[PDB]
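> The sequence isn't on hand, but the structure is:
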Ligand SMILES: [Mg+2]
Ligand SMILES: [Mg+2]
Ligand SMILES: [Mg+2]
Ligand SMILES: [Mg+2]
Ligand SMILES: [Mg+2]
Ligand SMILES: [Mg+2]
Ligand SMILES: [Mg+2]
Ligand SMILES: [Mg+2]
């Protein structure tokens, strides 16, 4: 009946030898969206202006549905879980994802002369279905504010599910209306067409996703030797140097290499005002295009250059109940700009671009774009505790070495969206519904496959170490006001939240 | 006891239908290294000057241990073995590697008023362990002087095992000390930490390595038709020419191609004095960088251009007992500079760079870097009898089409180093050891998987043929002084030692 | 469903021969704490001023969770239960602790123009977990106001769980901020990370703790002979007196003793105003320190000296519903200062300090600190009905004869905290929750192992006896206003509530 | 026969879940001692002068025998082994000790006009016996130079076994002869009276010791809360403050404590010249006495005060072959004075001495000696990588809480000495022996029982982390000269080599 709990809270992380199982429980608010209406959404302005909102053209639909987005490490791992993971394991990948929705409460809001009264709707339902068929558009973009909070007691407002569809603008960037955008390929999806479980309070819901065995790993390995220095220092080579002459002793950089470092793309960083996407390094795709930053993983000496480094905001502090952040922009003052530095890429990755000329005898010049040629080896950018766990990629005919420089394990199969909405309860009058929302507990269980790191080096290795400065800074703890304070800067991510800690000998 | 041999000499090559088994026996000297001390080694100078020694910065360790390096074809194949291999087989790969160490003799050297006396230390031991776990740094660089000699009676001095580790120079290229180089990732490896067999005379040792079935093949196939000429000459095509017009009869080069040749990188060759790595076509990686030569396999008409051709020294003659060559540079006058020409790449490989412009209607210009695009097909550089058999690559997150332009079958798993050192026998006094070294016989057995070549062409095919000029030049024979004389020039490698002899019909 | 009770009220005490089982049922209020937020708490002022609040520096966290603290005798025993226990048994210890939580009611509070309305939230949950792993900080301090009331009908407000963590102050006692205090060892604990049962009304919860068999006993034995007088009075000894001379008849104090009394520490009592911890007998530990009172158990003739006597407040009266006492100081006028006198220690314990000199022939002087030397025997301070049952001690490397002079059976394993919180029910708006709290019945069952006292003395023994003065004083009964009135003074504890009643013959 | 090795080199460390097995192999030199003579040894001077040699009086015997001393962590663990141990495990203890002696070589030294010639004595024997019965005096003193070197390739010269016996000096400290010292209790032990294995080359020897299950653990736990702060910060206590008054809110230091910190002894540090033992804090025992430093474990703010901190020399660098160090004093310039700081004792240990007075109302004064009183809890000093593994204590009637402030797990049963000597081979002439010594390989295998650390704190914990400064300093690596360079200072031991890293929650 209505008096028995349908599930239990678990945020724990359970470590086994080669596996860990993470539990993420959140108290979840499912708000009714747009009076249970699908709405066509769009933006007519295509000027692609940086620093100014609504400059890309799109056509899409916001659904009345909400969905659950747990894809980040900070959701499923406590900071010491992350410390244990990155310090002790050379790689890891998610295996099974189990999501439970339980302890449903549909709450009727009623407005009275005094405040809003909250009453249980005992027979109220919510509708839940997991879309694992790819029946509906997947929202692929990482680290969007749709995510659960890192802290267990963060109230999670399920984001409203909305998607963009194929548009075509015959007009310019300044077109006033976006109703010229829809194309015959533009697809409206009614999620109400899908079969969905209806749940009263006392009903529970669960779904399982299993990652394929082909799922790639998040690699924690760092190379302890330059790929250029793999020769024996005490011996000459029969190979010649770069220009074909004698390879000198102890001058190894001049020796011809059996391999190349990874590809390299020169990217620019502009500080100027009123710059468009076309002022950045970019490529035009479909309606708009994309910038090329951060680009190919490459060692950078500097801690701040944002065009070559994966750069993202992390919230300084996290309020427990932030409310619904739909259509809300992250306040700049509440976050910090952090850049994941490539210092861990020093041994395996190009420090500069490939330098060559077509002119015979000409001085080698930097090559804007060096695509993958046979014999390239490179390491990926380090993951962070704030990165997505996986990155689903769009279905295309052809992929090459799929990786997101933004983060996540590139996957061709990922947990589908779990769509939730409060069943509309109409008042019997036109254009009206009984005001109500759902609260429930969602536990996300992730099976993790771990590979413990193995190093026979004599000397000690670096570890992620929580320090007194970290505690005085208030990292990974709550403040006096109840806010879980991340308090992260780029140097803090190097020292705490980066992967590629595990020294690799080969 | 001490009076029975622990093994037998075998240098033979045994041919089966799809397999050959090579035996390489060498009389092996294991010298004590640095009084059984691990030493930190390094070079402070980073100016990367070509033509001048000690211009790359490195930090590493020389171990007291010695290791066995057999990775070259000339070690395991006689010249006629190579002739039989390259003439009769379209491809080959190593399968199992078996190494025997037997007939150990620990020899005590004692200095007397008259000369040095040599006595057996009958209870002296050597320590041997194969590192197949990748526990210790692998020395990946091909054709380093650590190799066994091509001739069976060459005395093989086991090279001292030394490696370079991650360094970081905050200073410039001119820094005086290399003790600023070590980093927290820099790993000292004590090989004495590994379990190792101790062997007296009368003990034998063996290890087996099996290449994975995923091991790539050394390909002996040459294309007998240009990839551009694969159309039927007698018929028109419905396809258009390059600019979209009628495809004319018997003008096939102008027809649009179903495929592209391989990637192309323009490289420069500089003859100037006092040139650094940065004057060559190159890329910066970690502490130093690498030159880009020879680059992508591409047909070259000329016999000598060293920047596009795999170029290496081959010794003119090989002394049977050369002594320990540790820290010795190959004498320029004792070797010859040979360049493996790409004439066998004529049909499958780009003869020039890709020629295109961004400017509409502009004249096509050479493209410095053409990375792999979908639809590229190409052939690898031909292997030589003097190439490594395999090339292990560094462990990285990501590889693309691993190949060494220097040679060898690119492998992700290769025989690990077999480490050998004389057990230190101390005198009972500080800083002193009984002077002693080990002689033993090492047999390296390699199983080879062969694919016999199949050609139905009516006319005869080219063969590697030993000629009277080869005999008068003294190739593949000893001279009057007992030196096995290779006497090779670039033309000699084309005619004798190159692969890609097997005509491929498709 | 919601219409069936999940448990029954039991406060009874059931006596068996060697065992009693106590039941403590309380009507329990679980209040939501700090809007379900973990808050960092601390005090910056370290002046350690007596008589003034907030003079110790600490850093810690208050959790949204509540916990159950039943550790006191007056909770589990009625006064006659205590009378029966102390009169009839030489010792007792707790064996099993069983806690039931049942008849849950989540009550929504709503504010209206007229008063606050209280409605059942029928699907509301609370979260409960017992932490028996020591996963979370145990609150070790005895007789803190977190306790249940002595009387069955006392409404028990579960205390908010909060803990202090390692701090380090580089500043002085006057530092303005406590955010300098956290250290790398300072640990924030999220109790929401633990798996916890969610319970609706109609769910019940229970946990069991079993004390180890190694659990010490609360000893009710008093010695009926001085440890100094254990000789036969009618006979001389061959032993000498204290200075080595003849041991005289009937002068036994001068005879050398086979044993010593317990250790002795001189403590001071200061009445002066504006005294700090450093004016008291004390020791500095970590951030602050501790006073040394009451110190080692020692006979005191006087009824009031608080530095040598276990001293604590007992409430004069106990209101049935006192409300939530979080952050509330006991009102001085509502309690009485009672001192447990050591009169029962007269025979076994030092009446003064050890008196000796280093100077040969010098007059013996009192020794400030006499630590345990071989041959010391002593009795513990008597327990009271108002003492804790057990005292858990902090985990340390080394313990010596663990005992709390404050009370309780020293234990290395005790019932863990049972953490309870109302599941936050959000309003769907930022920073807000439906105002609600839980009422439930908690029964604490304790198995007690008893040892009946055995005395063969001819004459009667003293007993705890309720007297007409006790009834006229209103002890152990309610007053006319419904308050359960303890009405205890030091003399009242000697006569009624002390242990060590059981005469021990040996 | 003589041509087969009797064992294999293993220095490896093998980690299992709850166990690790360490292998320590050393090349071991057994030198003939004193021409196979037992000699009476002694020192007549008893002035106990600090800073001057031979100031203690002793009588004893040096035996012709050598023994094996492996008792230190740095012998059996590589630095990363130590890092893995201290970072991942809350405690550890040794379980079984297995010692192998194999690959024996008896070497005859012969003097010739040119140098010394070294020849195998093939039929030469050494004598080995393990004394596990306690038949012979155990050398109990920790960290004496008799130890094996930390690095695997350190040549280990077995120390000559010598012991001191009961002496009594009726004279003064200035007596000229020590032949007055022997007493009827003074015991000469002939180790040649024991049965011992004789081994030729081709014989191997092994012994096993199993630690009792009662063996204590090396504790890696640090407390994350002060033992003074274990109360709930949000609640008042019924307990009174130190002087018996109201316990104020947030002033916890003034509350009476359920426990005391550990014992405290005030120690002095004198810098003056020509000071004797009697100028230091000390106690006279038997012939001489002992100083009291470092004393009871107590938190010290300062990094350098040597009287309260465990203080010892660590060698800056370690030569591989140092020769025989018998009767050799550590060169001051070759070591560093390091002090293990008590910062990890901050929460559990007294920061100052107990402060009290006998005078009523008198100001509390520091108490020179506070011995253990009931209710004391404390933590031990942290172990270091350079500490002994165990400390055997002398057999006595009575022990109290045996611990060495110098280090090691206090044990009543430890591996006995393995005594080795070269069998004297006489020349057939009076007072002469064929000059010979033995080299052999000794492997010491230790089974370790591990307890993995378990912490549920939300935030990260501190870790031992090898840093770039550590690598630039050359720690845990060899230098360019082949010396294994420890390069340790007090701050380096805090950060790298100390135990008590594992945060303990309770
Ligand atoms: Mg050239
Ligand atoms: Mg050279
Ligand atoms: Mg055209
Ligand atoms: Mg045509
Ligand atoms: Mg006398
Ligand atoms: Mg008498
Ligand atoms: Mg007082
Ligand atoms: Mg108070």
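Yes, it's here. Numbers count the residues shown, from 1 in each chain, chains lettered A, B, ... in the order given. Ligands and ions are numbered 1, 2, ... in the order given.

> can we go C-alpha only for contacts and neighbour counts from here?
Fine.

> Identify the single longest helix in chain A, thanks.
Longest helix in chain A, counting residues (DSSP state H): helix A:79-88.

> for that one, packing partners?
Contact analysis of helix A:79-88 by 3 or more Cα pairs under 8 Å, 6 or more residues apart in numbering or on different chains; DSSP states H and E lists strand A:502-504 as its packing neighbours.

> does the strand it packs on come close to chain D?
No - contact of strand A:502-504 with chain D (Cα under 8 Å from any Cα of the partner chain) is absent, the minimum separation being 11.7 Å.

> and that strand, which strands flank it?
Strand pairing for strand A:502-504, using DSSP bridges, gives strand A:221-223 (parallel).

> For the longest helix of chain A, which outside residues touch it?
A:13, A:220, A:385, A:452-453, A:463-465, A:476, A:496-502, D:457-461 (Cα atoms under 8 Å, 6 or more residues apart in numbering or on different chains).

> could you point out which element follows that helix?
If you walk from helix A:79-88 toward the C-terminus, the next helix or strand you reach (DSSP states H and E) is strand A:89-111.

> chain center to the longest helix of chain A, what's the gap?
19 Å (Cα atoms, centre = their mean, to the nearest Å).

> Tell me how many other residues crowd the residue in chain A positioned nearest to ligand 6.
Chain A approaches ligand 6 most closely through residue A:468 (69.0 Å), counting by Cα to the ion. By other Cα atoms under 10 Å in any protein chain shown, the residues close to residue A:468 number 21.

> ok, it touching residue C:184?
Yes - judged on Cα atoms under 8 Å, residue A:468 makes contact with residue C:184 at a distance of 4.2 Å.

> which residues of the stretch 301-450 of chain A fall in strands?
A:310-315, A:317-318, A:335-340, A:355-356, A:365-366, A:369-370, A:376-378, A:390-392, A:409-411, A:418-422, A:436-452 (DSSP state E, counting those that start in this stretch).

> Would you mind pulling the contact partners of the second one?
Just to be clear, that refers to strand A:317-318. By Cα under 8 Å, 6+ apart, the list of residues contacting strand A:317-318 from outside reads A:149, A:154, A:334-335, A:483-487.

> now the strands of the stretch 301-450 of chain A as CSV including mean neighbour count and distance to ligand 3?
What follows is these, written out as CSV (neighbours: other Cα atoms under 10 Å in any protein chain shown; distance: least, Cα to the ion, whole Å):
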stretch, mean neighbour count, distance to ligand 3
strand A:310-315, 19, 42
strand A:317-318, 22, 60
strand A:335-340, 21, 47
strand A:355-356, 26, 32
strand A:365-366, 18, 33
strand A:369-370, 20, 28
strand A:376-378, 24, 37
strand A:390-392, 24, 40
strand A:409-411, 22, 40
strand A:418-422, 24, 51
strand A:436-452, 23, 55
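
> Take the ones you listed and lay them out in a markdown table including distance to residue C:28.
Listed next are the strands of the stretch 301-450 of chain A as a markdown table, based on distance: least, Cα to Cα, whole Å:
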| stretch | distance to residue C:28 |
| --- | --- |
| strand A:310-315 | 39 |
| strand A:317-318 | 32 |
| strand A:335-340 | 42 |
| strand A:355-356 | 76 |
| strand A:365-366 | 75 |
| strand A:369-370 | 70 |
| strand A:376-378 | 62 |
| strand A:390-392 | 46 |
| strand A:409-411 | 49 |
| strand A:418-422 | 34 |
| strand A:436-452 | 25 |
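
> Take those and lay them out in CSV including distance to ligand 8.
Formatted as CSV, the strands of the stretch 301-450 of chain A follow (distance: least, Cα to the ion, whole Å):
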stretch, distance to ligand 8
strand A:310-315, 40
strand A:317-318, 35
strand A:335-340, 42
strand A:355-356, 76
strand A:365-366, 75
strand A:369-370, 73
strand A:376-378, 65
strand A:390-392, 54
strand A:409-411, 56
strand A:418-422, 51
strand A:436-452, 40
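
> Out of those strands, the one nearest ligand 4 is which?
Between the strands of the stretch 301-450 of chain A, strand A:369-370 lies closest to ligand 4; by Cα to the ion that is 36.7 Å.

> circling back: of the contacts of strand A:317-318, which belong to helices?
Checked against DSSP H, those include nothing in helices.

> Strands - which of the residues you listed land there?
Those of the contacts of strand A:317-318 mapping onto strands are A:335, A:484-485, per DSSP state E.

> Please tabulate the residues you listed in a markdown table, including the columns distance to residue A:390.
What follows is the ones in strands among the contacts of strand A:317-318, written out as a markdown table (distance: Cα to Cα, whole Å):
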| residue | distance to residue A:390 |
| --- | --- |
| A:335 | 23 |
| A:484 | 25 |
| A:485 | 25 |
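
> what's near enough to touch residue A:197?
A:126-129.

> what's across from it in the sheet?
Beta-bridge pairing for residue A:197 (DSSP bridges): residue A:128.

> what about it, distance to ligand 8?
Residue A:197 is 56 Å from ligand 8, where distance means Cα to the ion, to the nearest Å.

> Nearest to ligand 8 within the stretch 151-300 of chain A, name that residue for me.
Closest point on the stretch 151-300 of chain A to ligand 8, by Cα to the ion, is residue A:153, at 32.3 Å.

> quick one, what contacts that residue?
Contacts of residue A:153 (Cα under 8 Å, 6+ apart): A:26-27, A:320, C:36-37, C:192.

> quick one: residue A:276 from chain C, how far?
Per Cα to the nearest Cα, to the nearest Å, residue A:276 is found 35 Å from chain C.

> Can you point out the buried residues in stretch A:140-149?
Buried positions in stretch A:140-149, judged by neighbour count with 16 or more other Cα atoms under 10 Å in any protein chain shown: A:142-143, A:146-149.

> check whether that stretch contacts chain D.
No - judged by Cα under 8 Å from any Cα, stretch A:140-149 makes no contact with chain D; its nearest approach is 14.7 Å.

> and of the strands of the stretch 301-450 of chain A, who's closest to ligand 7?
Between those, strand A:317-318 lies closest to ligand 7; by Cα to the ion that is 46.9 Å.

> ok now the closest one, how far from the chain's centre?
The answer for strand A:317-318 is 18 Å, by Cα atoms, centre = their mean.

> Okay, residue A:426 and chain D: tell me how far apart.
Taken as Cα to the nearest Cα, the span from residue A:426 to chain D is 45 Å.

> Find me whatever residue is spatially closest to that residue, sequence neighbours aside.
Leaving aside its chain neighbours, residue A:426 sits nearest to residue A:433 (4.0 Å; criterion: Cα to Cα, 6 or more residues apart in numbering or on different chains).

> ok, now how distant is that neighbour from residue A:121?
According to Cα to Cα, to the nearest Å, residue A:433 and residue A:121 sit 13 Å apart.

> and what of residue A:494?
Taking Cα to Cα, one finds residue A:494 at 49 Å from residue A:121.

> Looking at the two, which one has more neighbours?
For residue A:494 versus residue A:121, neighbours defined as other Cα under 10 Å are more numerous around residue A:494 (22 against 18).

> Quick one: classify that one as helix, strand or coil.
helix (DSSP: H, G, I helix; E, B strand; the rest coil).

> For it, give me its contacts.
Contacts for residue A:494 (Cα under 8 Å, 6+ apart) come out as A:340-341.

> roughly how far apart are it and residue B:255?
According to Cα to Cα, residue A:494 stands 54 Å off from residue B:255.

> How about residue A:438?
Distance of residue A:438 to residue B:255, given as Cα to Cα: 66 Å.

> Same check on residue A:473?
On the measure of Cα to Cα, residue A:473 and residue B:255 end up 68 Å apart.

> who's more crowded, the two?
Higher neighbour count among residue A:473 and residue B:255: residue B:255, with 24 against 17, using other Cα under 10 Å.

> Once you drop chain neighbours, what's closest to that one?
Distances taken as Cα to Cα, 6+ apart put residue B:241 closest to residue B:255, at 4.2 Å, once the chain neighbours are dropped.

> wait, what's in contact with the one you found?
Residue B:241 makes contact with B:247-248, B:254-256, according to Cα under 8 Å, 6+ apart.
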